[PDB]
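A.B. asks: Just dropping in an experimental structure and the matching sequence.
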Amino acid sequence: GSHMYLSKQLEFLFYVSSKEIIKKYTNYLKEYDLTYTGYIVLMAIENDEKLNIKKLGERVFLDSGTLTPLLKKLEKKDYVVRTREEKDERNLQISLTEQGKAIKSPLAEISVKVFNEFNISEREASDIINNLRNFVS
Amino acid sequence: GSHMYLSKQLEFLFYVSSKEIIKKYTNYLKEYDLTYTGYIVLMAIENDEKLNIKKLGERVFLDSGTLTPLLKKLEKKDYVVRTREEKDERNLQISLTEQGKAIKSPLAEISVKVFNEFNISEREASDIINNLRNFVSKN
């Protein structure tokens, strides 16, 4: 009732919620040699798209400290291509490779599998969506 | 139907709410030279508790990869200490120091400030709480 108690409950429940979700993603993704964050990046890059490391970090809310080594990892696995620009070799363009393009869409099956494990009704899921949408406004 | 649709919305919204939340905690934690994960570890350890890096890792959903460096960093700040119980020295315990249990007092003020920023009603907050409590409870 006090905002102190509600805030501690919100803190706890958002933390555990997101961590339980991520743990399930990590389990499904391990056989793809992917982390949850690597998954998020591949899904965020739109297939015919070329984009800057800074624009990608904004879309996905990661700083260059995290993205940079992640991209090299993805580049090693041949899911992303990191092409240095002609004039400024510092500046990098990021795009999906052919297999990076392909493994999206088996990866697109994973979200259904993760959330079905929580066994909530469509109604409960719609309530959570409406809760969180209003929350993110 | 709607399972594919609903799962994408849920994924997105849990991802973005977590980023928005952590961003606000990070702001308030600058003062204290603590990372968000640092804050979470300090609050998770009850003032007079001893526990394994395994068990602490369970609680805060962190593996040794990430916890090991975190603990040594908190230990050099003098907030935590690592000890082995004489009954079984194989068990490496972690517990809070005196000044590690101390500054948990001003840190405990942060959560109210963070969630106040979203400007939701007590009814909305209570409903979020009830819905997430239902979600988490089946693990």
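C.D. replies: Cool, the structure landed. Numbering: from 1, shown residues only, chains lettered A, B, ... in the order given.

A.B. asks: Break down chain A into its strands, ranges please.
C.D. replies: Assigned by DSSP state E, the strands in chain A fall at A:50-52, A:80-84, A:92-96.

A.B. asks: Next, format these as a markdown table and append distance to chain B.
C.D. replies: Every residue, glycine included, has its C-beta placed from N, CA and C. As requested, these are exported to a markdown table (distance: least, CB to the nearest CB, whole Å):
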| stretch | distance to chain B |
| --- | --- |
| strand A:50-52 | 19 |
| strand A:80-84 | 20 |
| strand A:92-96 | 19 |
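
A.B. asks: which stretch among those strands comes nearest residue A:130?
C.D. replies: Judged by CB to CB, the one of the strands of chain A that comes nearest to residue A:130 is strand A:50-52, at 31.3 Å.

A.B. asks: What is the closest one packed up against?
C.D. replies: Judged by 3 or more CB pairs under 8 Å, 6 or more residues apart in numbering or on different chains; DSSP states H and E, strand A:50-52 is in contact with strand A:92-96.

A.B. asks: Identify the residues contacting the strand it packs on?
C.D. replies: By CB atoms under 8 Å, 6 or more residues apart in numbering or on different chains, the list of residues contacting strand A:92-96 from outside reads A:42, A:45, A:47, A:49-53, A:56, A:71, A:79-85, A:104.

A.B. asks: One more pass at 6 Å, please.
C.D. replies: A:45, A:47, A:50-51, A:53, A:56, A:80-84 (CB atoms under 6 Å, 6 or more residues apart in numbering or on different chains).

A.B. asks: what's the angle from that strand to strand A:80-84?
C.D. replies: 160 degrees (axes from the mean of the first three to the mean of the last three CA atoms, to 10 degrees).

A.B. asks: mind checking how far strand A:92-96 is from the chain centre?
C.D. replies: 17 Å (CA atoms, centre = their mean, to the nearest Å).

A.B. asks: so what's the most centrally placed residue in chain A closest to, chain neighbours aside?
C.D. replies: For chain A, the residue nearest the mean C-alpha position is residue A:40 (2.2 Å; CA atoms, centre = their mean). In space, and not counting its chain neighbours, residue A:40 is closest to residue A:60: 5.8 Å by CB to CB, 6 or more residues apart in numbering or on different chains.

A.B. asks: got the residues of chain A near chain B?
C.D. replies: Within chain A, the positions adjacent to chain B are A:3-4, A:6-11, A:13-14, A:16-19, A:21, A:61, A:111-112, A:115, A:118-119, A:122, A:125, A:127-129, A:131-132, A:135-136 by CB under 6 Å from any CB of the partner chain.

A.B. asks: Select from these every entry located in helices.
C.D. replies: By the criterion of DSSP state H, membership of the residues of chain A next to chain B in helices covers A:3-4, A:6-11, A:13-14, A:16-19, A:21, A:111-112, A:115, A:122, A:125, A:127-129, A:131-132, A:135.

A.B. asks: What is the burial count for the closest residue to residue A:28 other than its chain neighbours?
C.D. replies: Closest residue in space to residue A:28, ignoring its immediate chain neighbours: residue A:110 at 4.9 Å, by CB to CB, 6+ apart. Neighbourhood size, residue A:110 [other CB atoms under 10 Å in any protein chain shown]: 21.

A.B. asks: what's the answer for residue A:46, then?
C.D. replies: Counted with other CB under 10 Å, residues neighbouring residue A:46 total 12.

A.B. asks: Any quick ChimeraX command for the buried ones out of the ones in helices among the residues of chain A next to chain B?
C.D. replies: A single ChimeraX command selects the buried members of those (16 or more other CB atoms under 10 Å in any protein chain shown):
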select /A:6,7,8,9,10,11,13,14,16,17,18,19,21,111,112,115,125,127,128,129,131,132,135
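
A.B. asks: Would you confirm that residue A:110 contacts residue A:29?
C.D. replies: No: using CB atoms under 6 Å, residue A:110 is not in contact with residue A:29, being 7.0 Å away.
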